[PDB]
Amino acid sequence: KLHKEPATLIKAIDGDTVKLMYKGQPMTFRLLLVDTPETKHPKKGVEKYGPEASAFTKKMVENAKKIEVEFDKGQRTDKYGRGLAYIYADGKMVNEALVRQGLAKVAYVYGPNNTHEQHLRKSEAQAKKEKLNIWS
């Protein structure tokens, strides 16, 4: 079973990445299962909707009373040393909120870190149906 753990916001970095104090250690977290438009992307630097997805993740974690991280059941850090997790701001999953607004698409999923994949795909199908942001 997955469980939520407390964390503290240090800084939002991009739509898909936030730095948190987790267990008294500063680290960078990559949001599981979502691909956002980026402002810190190699070659293609600032993409269309990159500003807007960065601003949305920043506003959601900055205004939160409690942030929690939920690891999935496979590896907990990627090859760049980033924590791989579902991030919750006051009980609402940031990964799902971005997909529901059309500011992220669900990533190509493989491997054991796939628990909320069907939930996110349902939210993406709704954002697409409503022609929101990435899908307008």
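We number the residues from 1 along the sequence you see.
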Per the entry, higher mean C-alpha B factor between 98 to 106 and 23 to 31: 23 to 31
Entry B factor averaged over C-alpha atoms, 83 to 91 against 35 to 43: higher for 35 to 43
Options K66, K58, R76, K48 - largest CA temperature factor per the record: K48
So where's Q118 on the chain's Cα temperature factor ranking, which third? highest
